[PDB]
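Quick notes on the structure that follows.
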Ligand SMILES: Nc1ncnc2c1ncn2[C@@H]1O[C@H](COP(=O)(O)OP(=O)(O)OP(=O)(O)O)[C@@H](O)[C@H]1O
Ligand SMILES: Nc1ncnc2c1ncn2[C@@H]1O[C@H](COP(=O)(O)OP(=O)(O)OP(=O)(O)O)[C@@H](O)[C@H]1O
């Protein structure tokens, strides 16, 4: 019941010439709750920069104004009561529209309500916006042909009607629908402000006259400076104080947008007849359930993420290629015996393979979710902890079956140390190393939010780890022995060599000894550092995601 | 001067319920040259599927109709005379709008004209659409804040006015501009059909009445079936034959879209009053400069691609990380001598590094250009040969300076074979191997147009090449010796070992001999296969790009 009163005074936004050009220059206005606003202007004006300014999405040293919610600046608490509908529609392309609106319903409604109230509120906004025939079809990308471009927008307004916010900042909501859905959409957005008493800000672009009668305070913009702030029928008459009237009966909207360019420099005489005639008048007018919440927000964000990857049939081919690589690694060391250089080669090639394959595929988790994650993080839907521990729990379904299907062939074809306990110890060490190296691909990929930029960082880093993982050079300079402890391949190599060759007495009985496990690190201080790396790379991937608010 | 007469008869398009739903059902119409059409309807109708059908962009077993240009089906020759302006605007985000319109001007105009005619035609469409104040600013992505959303559309119509096509199929051109740029844009598209005599098809959505007076044949659609085909003022009067008229004076457009839904099942009585009253009336109405062209199309597509990567300052950091990895590889083998296992380790780690780093970064060239390349390839702007030999010549500027900056440190810090001829032979073999392995990342990445799907194919393939590149296993089964010839790491390893250790007599004098160059392959039949691979992987990357027409 937060009564948002939005007041902006003298906001200016200048970008560098890439001098500087003024996008906005001196915009003032007051939006008390109940007032249905409208931001009009030509297609270069500064409307969407003003709407990205008052919705908090624009911050920086460029803005030289004061945006005030309830006579205070924009906090983080008011940024979860403000609903923002952007121009471009960024949605999850593999869901349908019913799963999208159901997940936004279940994740954002007050949680004191039962589940069927949370579903009837989701299918009470589908019938209100008219998305009933496209209810059970996909909302896909440019390539994945899904729903229309006018239903990819009526979904992205019901995406923010299931928040019930107190300040509704819509950025061109109806540019994309016909003239009989525009009227019903503005009837909805006016029944949310002459009904439930909210604060609605619209940037409508090409209205009719009976879509213009619904507005209570129109902001007419022109090249950054505003021409009019005030009522609907006071416009089309305020411009008779300066002497501009149509010669024949037309709509008010195309006339107010004809005067917005100058259709003897009409624009500047309206700007100076604004600034001193009717601008000083607006200058005188101005715990135990906190856990259950977090676990429901994990079940939802995991059930969505497991619906995203049911479309992907490029996982049987991943399994069949890793099986082929395992058959290769088994058939080449087929003629190996237990007695050791030829086997340390295999136990280092496994450490190369499963530090290179998970870390080079984990750089596509967070960069490929960026355009939707920034939007949902700015909106304030879920917590970042519950979002991060859904990708973490979503990778751990097929990043545990590929090394198991690898090792199930390449153990019993090479005929390594027989018995079920060294096999299970080898499999557990391989799975722990895979999860430890996947954290590196998570962290480089959350820190540099670009798959192409991070794929040449993680490649050089994993090759430096493969280099200083104890196999290649014999006599390393002793001021540089310390680097193999920072490696992640070193611990897995030491553990695999330890598991296969004991602490080493039976080999010293049968038969160098230098890089075989009679050596440097123990067996528990090499699983105590793999677990530390598995936790620390994910803590760093969370801390590098905490910076992305925008 | 191709006089396109577009005629579609009984086109139906059904998608599977993911039974089947009819998107379109029985659409007929004739567009002779000079007729300015308009496709109207509600926001679920089947307009953009009809416009993707008649512009050739929809093909498949779903379409059960006949699209006819000049009483013949759509060839590839007519697909370079048809201009299609899609709903979503896919543009190159790093250019400005002036470079974008200049490159489309220089690349598509008849080439018999001089260059300044080709530039005055480019800045004669900027002033016509009004893009003069946003002429020299960027057109960037969702992240890169560039021009507006109404200037990201007035650019994507001047993108297809600099073709001068004979059939102009616009898909919602004005949904995004105000009511005084809509009138001027439809004045332009009507002066292209009452002027230069073309065939213009528009899907306008929210028109005025004086944007509706410009239309010569309106197609009113409703839920896939069409309600009206014919003149402008014959609509608003044909619906008086069935008995629907407004009670008070309004625009024709909102009335024709109010009847399009049923505002006693009005929609079906209009469909059956269409099908037998005024549908049978339309059933009765129905060399040495060829090289210079290709080289100009290479200079343009290369000067654009070198403008795309001037924004990237993440290349000094690539150079500084590869320099750090080289300093690492030098400092670890700092204590190496010329006399050989410790050096074959280094000559195989270089072969690992420069087969892993180029092939894992070359998978982002063609998947990251996909959404714009499919559009330009469907449009018919450049040839695929000249497009492919611009990415090929664009990678070869920093995929030749990273191995040189690597080797310049890691040769003289390890102190390998001294002299300028083994150094230059090593550098040339390294550059040839880098270009040979970059072709693998090109081919897997053109074949599977997804960076995430191809990054787990190229990783397993390069690890299989590293495995069967002659270093790891000692006694491979002899039915599997043949696999190292398919490898690309094997030839570079053999060449580096040959260059450093001769054919081998001085080492047999100073001092195994088995995997040192006294061995299997020669020195010329290992550069004759690296060149074959360098050509064959790029031929496969061209053949896998030839399938993407869409
Ligand atoms: N980062 C930037 N750098 C340079 N110029 C910019 C930048 N962002 C916006 N502009 C310019 O400032 C003007 C205002 O942009 P804005 O997004 O407000 O337009 P708009 O009113 O949203 O357009 P429309 O109403 O057609 O969507 C635009 O014409 C644009 O060219
Ligand atoms: N691949 C598909 N699978 C299932 N349904 C589809 C598919 N493509 C389109 N549709 C449905 O068919 C209808 C027609 O889509 P179309 O793109 O023609 O709408 P439109 O007329 O372009 O909408 P608008 O005019 O608002 O842009 C849409 O409502 C959409 O839901």
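Numbering, chain A: per Swiss-Prot, residues 35-52, 79-323, 335-357, 379-431, 433-604, 624-662 in sequence.
Structure method, as recorded: electron microscopy, 3.1 Å.
Each residue, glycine too, has its Cβ placed from N, Cα and C.
Residues or ranges marked as ATP binding site in Swiss-Prot: A:101, A:102, A:103, A:104, A:105, A:106, A:107, A:108. Summarising the annotation, Swiss-Prot assigns N-linked glycosylation site to A:122 and lists sequence analysis as the type of evidence. The transmembrane segment feature in Swiss-Prot is assigned to A:406-426, A:437-457, A:489-509, A:522-542, A:547-567, A:629-649; the stated evidence is sequence analysis.
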Cβ-based isolation winner (fewest other Cβ atoms within 10 Å) among the binding-site residues A:102, A:106: A:102
Local Cβ density at residue A:107 (ATP binding site) - other Cβ atoms counted within 10 Å: 25
CB contact flag for the transmembrane segment (A:522-542) and the transmembrane segment (A:437-457), at least three pairs under 8 A: yes
Length of the line joining the Cα atoms of residue A:101 (ATP binding site) and residue A:122 (N-linked glycosylation site), in Å: 22
Between residue A:106 (ATP binding site) and the residue listed as 'N-linked glycosylation site', the C-alpha gap once rounded to whole angstrom: 14
Nonlocal neighbours by CB distance (under 8 Å) for residue A:108 (ATP binding site), same chain, sequence gap 6 or more: A:147, A:231, A:232, A:263
Pairwise CA distance, residue A:107 (ATP binding site) versus residue A:122 (N-linked glycosylation site), rounded so that it is a whole Å: 16
Cα-to-Cα distance of termini bounding the 19-residue gap, residue A:604 and residue A:624, in Å: 10
Which of A:105, A:122, the listed recorded positions, has fewest other Cβ atoms within 10 Å: A:122
In sequence order, those recorded positions of A:102, A:103, A:105, A:108, A:122 whose CB lies under 6 Å from ligand 1: A:103, A:105, A:108
Recorded stretch that, among A:437-457, A:489-509, A:629-649, has the most CB pairs under 8 Å to the transmembrane segment (A:406-426): A:489-509
Across 21 unmodelled residues, the distance in Å between the CA atoms of residue A:357 and residue A:379: 42
Sequence-remote partners of the transmembrane segment (A:547-567) [C-beta within less than 8 Å, at least six residues beyond its ends]: 437, 441, 444-445, 448-449, 452-453, 456, 460, 530, 533-534, 537-538, 540-541, 576-577, 579-583, 586-587, 627
Members of the binding-site residues set A:102, A:103, A:104, A:106 whose C-beta sits under 8 angstroms from chain B: A:102, A:103, A:104
The residue listed as 'N-linked glycosylation site' and residue A:102 (ATP binding site), distance between Cα atoms, whole Å: 22
All-chain count of other Cβ atoms within 10 Å of residue A:103 (ATP binding site): 22
Flanking Cα pair residue A:323 / residue A:335, between which 11 residues have no modelled coordinates, distance in Å: 10
